[PDB]
Number of protein chains: 2
Amino acid sequence: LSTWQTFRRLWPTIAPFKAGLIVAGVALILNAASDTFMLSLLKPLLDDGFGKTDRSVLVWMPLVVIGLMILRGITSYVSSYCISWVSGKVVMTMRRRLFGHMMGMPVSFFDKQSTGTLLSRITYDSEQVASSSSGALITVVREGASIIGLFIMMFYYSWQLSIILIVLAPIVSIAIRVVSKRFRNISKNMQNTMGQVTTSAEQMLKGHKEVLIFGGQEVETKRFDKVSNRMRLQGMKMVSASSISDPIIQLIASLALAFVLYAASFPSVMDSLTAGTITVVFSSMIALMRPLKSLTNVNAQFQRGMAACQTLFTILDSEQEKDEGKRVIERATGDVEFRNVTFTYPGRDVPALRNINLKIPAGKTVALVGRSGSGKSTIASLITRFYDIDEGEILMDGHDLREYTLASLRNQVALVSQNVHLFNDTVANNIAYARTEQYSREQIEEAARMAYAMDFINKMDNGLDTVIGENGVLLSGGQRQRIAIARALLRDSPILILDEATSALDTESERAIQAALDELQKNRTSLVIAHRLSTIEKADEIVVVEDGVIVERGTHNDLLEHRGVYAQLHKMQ
Amino acid sequence: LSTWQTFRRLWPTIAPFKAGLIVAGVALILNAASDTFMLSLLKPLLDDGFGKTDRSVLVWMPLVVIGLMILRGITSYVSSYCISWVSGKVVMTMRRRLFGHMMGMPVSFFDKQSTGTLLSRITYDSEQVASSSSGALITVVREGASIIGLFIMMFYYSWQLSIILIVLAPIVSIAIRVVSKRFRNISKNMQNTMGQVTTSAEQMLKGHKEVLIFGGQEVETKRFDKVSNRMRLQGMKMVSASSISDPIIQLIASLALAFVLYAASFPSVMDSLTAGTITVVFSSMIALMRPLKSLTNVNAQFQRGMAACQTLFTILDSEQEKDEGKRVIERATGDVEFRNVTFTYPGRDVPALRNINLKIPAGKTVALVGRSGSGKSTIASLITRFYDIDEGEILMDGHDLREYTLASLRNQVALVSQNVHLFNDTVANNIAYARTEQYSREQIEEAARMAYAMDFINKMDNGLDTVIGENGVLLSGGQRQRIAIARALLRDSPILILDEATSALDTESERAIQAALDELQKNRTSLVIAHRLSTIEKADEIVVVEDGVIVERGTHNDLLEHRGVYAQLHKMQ
């Protein structure tokens, strides 16, 4: 298939680390040579050892075996360690490349694909392709070296008998397959034609009522006697054939052995043939069987591994987020305009937001209220170009977003929400995340203090340097919300999107976040997804959007005088 | 467990056929002796054969191998054939005993149990227990003979090496097990303690939105760099442990071999040690491994087989139909009385037939009409004691049925129905089923003629001797109904139960069954499960039975004047 092409595009990654692979190959070749030399040892032991009284050739054999085995052990350890070094560095490079490309993909993917399968793709898939390729390579090298060593040994010791053995073996193999196939065919024939007598046993055993009513138990017994005798005869024939199967296989095998011995009997063969030579040749042939099987399976293993790696590679070069804007904006000080904005979620058919006209003023606050799933979060996701608009315009500082690079635009917008992601790091590196090289410690402490998030930090292990994480020290919901407000305050983001909490926290916690958010943070161009009424009444412009279409817009008093849907919603509040 | 008790319970079945078992045992013992002698052959070939120039010892070996092999083949054939003979006759006897008892089980059993599972019980279960016991016996005998032969050979050739080898081998086995267990414990520990680093890589992989908004791609890449390096190091630790695992096993194995050779080096054992002896001993030890494994598995195989046979035996000695009546009735000429008959189906809870007072007169006809499932077939099933009543009395010829044997009572009642069971036999043996030794061919032809079932038999292949069956020549519904009426007519049954057809047949067929049934068959004490209105209005006494109990009784005109449920039922007709 195309697996070899995948290996061609894969070798570049392994090319830097070829030294360990070469050492592993040398170690494997030496291991195979060690095993074939251990087999070589078998000749002198039976030839110049036990025979006669030559003691020397035998008082060294335990030491020779010990040395060969310790060489095998150390070379196996070196081979495995270095092959795993190459595999580990290949996995490291592949995972790093996959993740580097990963960050920067359309958000829709993490919506449709959960983190479980994606983490599996990062770890398990790369580990599997590495394990498969490493196993295939080590099997090929080791078994090939062992096989060529065994062949060279068999030919070197006595070729006059090595040729006969290697010629007869395929013949006997194919004869065995032919006989087994023929007799299994006979077995299948008998098995398919078995089903012609048991119907008689079934039929007689369904008429229990007619047998009893007419009183014919003896006749039924006679009939079952006959049918059982016939069944036993059929089983007789079945077993007779199935049993005469195997002794034919033993017949051909032992006949082959007899022919080998007879060929050795002629003086044409024994020009160089001692007992040790015969034992070495036969033992080598016997021990050569397993390497052939492993070498045959290596190809399927390699193909499967390279198929998985091809799937990973195809994933690697998928589409990325489009960055075709070139202008860079600093300190945006204008308005946000939604002009005939219609958007559909990629994958869904029904539009989630239709024909929106909206004006977010510079420095004023707008509360966008609606029900859950009404599209009141799609607008917030859209203002940062997480999803592209199908039609319309998003007008910020006099120009549209797709004319702007994502870095500057996303630096111009902050998201203060109850749910916040906390990286495994310190508070000082979390407040100024990705910008710790621009802000000093004093500014970080100042921002934490004006967020009213400073008090619970002085009660931590190291305070302004304690390690936080999603797999470590956990902060409360109010605490993480406060830390997010501190992060937003230090960066001084022109534009804000605020996801308000769905539930009230503790009285100390609520008052803190409330005071911080209102007097310190809320001084910029803001859009708030209001859930509580208190924020709604202190909003400069309130817009009610349902099913992706705005219903009414104005001020709270104006909307109440309008007696629209928001009037009913507030009445419930 | 209790398997051995079942085996003793089973031996009697095999006791008649012990000759074949003895022959099979002798053949198996001789087969094992043949194999161990084939191994014995390995010594002269390497000792007085290939070495030196002794031609004779080498030119006979192919013929010796051929003779041993043909002996093995013929003895395997004889052994398997005789063991199959014993198994086949045991299965035949067991099936016959099971079926003979089976015919006497309460009808409810074939209602609750289908014929498929019961046929499986008869065939597959007995075959499985026979195969298991035969395999266990042949394995035990063959492998035991082979093992004792190998042991006696190893001890006879050179005991100074046989004791050392058979002492060292268990030590090496337990050492291998201990080392493998320890290192697998280490592997499990490392595997469980891995799960502390991948959670981090999962953590940063969930906050895709916060990374993009704050612009922290480089920091995220650095974090994944560190975590990937740590992951690679931990995988390194695994690979080092699992790689150093195996060479320890090879170390201890090769050290054992070195110790064996060193023990052979001392003159303590070399009082008798040639190359042929060493090869024979080592090859025998190598080839002894498989018989031990088979002998260990034989016990589990035997236990499973005997458990299945115990299940079959438990089914064999279950309850049978109760026959505690002793009076015998010939030519019943009285009335059938149902007195307060309340009956429940065994297994169901709701009564199917409650508190009936019913009189079936001698020679008059009663039509029992009702809906499907109303209990109008339970009465017919009940009149033949297929199911015993819970309370009440069934009064026939002045006595209850339970005072009467089932044979006479069932000979006093015939069932003429559309659905009829046709046994695989001739027409003359089906018309006079179970009574062909009492009736002549002339009477059979007469009965067939008055049933108007003679015309379609003269057009058959052999007429009154054609083989019918449910797996052969099939008759039409009208034809089988006619043959059933002929059977009932020849026997001249005092009491009749007639299940009328639910659908009209062909015009020639309808007239044949009708005229026969009315003019010829309908002259006795009869109960008809009427479905057509024609039979209803020509009935002496008509009873309407609802699912719970009878409601009205009388004549057709009387019941119409009653304006009861039967009036409405006839109105639909």
# chains A, B, ... in the order shown; residues from 1 in each chain; ligands from 1
>>> residues_around(residues="region 95-99 of chain A", least_positions_apart="3", cutoff="8 Å", atoms="only C-alpha atoms", output="PDB file with C-alpha atoms, in the first residue's frame")
ATOM      1  CA  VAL A  91       7.537  10.373  20.097  1.00  0.00           C
ATOM      2  CA  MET A  92       8.690  13.571  21.811  1.00  0.00           C
ATOM      3  CA  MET A 102      -2.991  21.856  17.386  1.00  0.00           C
ATOM      4  CA  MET A 103      -3.175  25.227  19.196  1.00  0.00           C
ATOM      5  CA  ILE A 122      -1.845  12.702  21.078  1.00  0.00           C
ATOM      6  CA  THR A 123      -0.559   9.945  23.352  1.00  0.00           C
ATOM      7  CA  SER A 126       1.911   8.111  18.660  1.00  0.00           C
ATOM      8  CA  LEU A 316      -1.305  16.928  11.212  1.00  0.00           C
TER       9      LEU A 316
ATOM     10  CA  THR B 221       4.452  25.563  23.909  1.00  0.00           C
ATOM     11  CA  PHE B 224       4.090  21.261  26.756  1.00  0.00           C
ATOM     12  CA  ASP B 225       7.824  20.993  26.058  1.00  0.00           C
ATOM     13  CA  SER B 228       6.677  15.992  27.125  1.00  0.00           C
TER      14      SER B 228
END
>>> residues_around(residues="region 61-76 of chain B", least_positions_apart="5", cutoff="9 Å", atoms="only C-alpha atoms", output="number ranges by chain")
A: 243-244, 246-248, 250-251, 254-255, 257-262; B: 24, 26-28, 30-32, 34-35, 37-38, 41, 45, 56, 81
>>> residues_around(residues="region 293-302 of chain A", least_positions_apart="2", cutoff="8 Å", atoms="only C-alpha atoms", output="number ranges by chain")
A: 132-133, 136, 139-140, 143-144, 289-291, 304-306
>>> closest_atom_pairs(of="chain A", to="chain B", cutoff="6 Å", atoms="only C-alpha atoms", output="tab-separated table")
residue	atom	partner	partner_atom	distance
A:46	CA	B:275	CA	5.4
A:50	CA	B:274	CA	5.8
A:62	CA	B:258	CA	4.4
A:73	CA	B:247	CA	5.1
A:88	CA	B:232	CA	5.8
A:207	CA	B:421	CA	5.9
A:213	CA	B:410	CA	4.9
A:216	CA	B:434	CA	4.7
A:232	CA	B:88	CA	5.8
A:247	CA	B:73	CA	5.1
A:258	CA	B:62	CA	4.4
A:274	CA	B:51	CA	5.8
A:275	CA	B:46	CA	5.4
A:410	CA	B:213	CA	4.9
A:421	CA	B:207	CA	5.9
A:434	CA	B:216	CA	4.7
>>> residues_around(residues="residue 333 (chain A)", least_positions_apart="6", cutoff="12 Å", atoms="only C-alpha atoms", output="list in words")
residues 360, 361, 362, 363, 364, 396, 397, 398, 412, 413, 493, 494, 495, 524, 525 and 526 of chain A
>>> atom_distance(atom1="CA of residue 147 (chain B)", atom2="CA of residue 29 (chain B)")
11.0 Å
>>> residues_around(residues="residue 284 (chain B)", least_positions_apart="3", cutoff="8 Å", atoms="only C-alpha atoms", output="PyMOL selection string")
chain B and resi 39+150+154+280-281+287-288
>>> residues_around(residues="residue 431 (chain B)", least_positions_apart="5", cutoff="12 Å", atoms="only C-alpha atoms", output="number ranges by chain")
A: 214; B: 421-423, 425-426, 436, 439-449, 451, 453-454, 464-465, 468, 480-491
>>> residues_around(residues="residue 82 (chain B)", least_positions_apart="6", cutoff="7 Å", atoms="only C-alpha atoms", output="number ranges by chain")
B: 20-21, 23-24
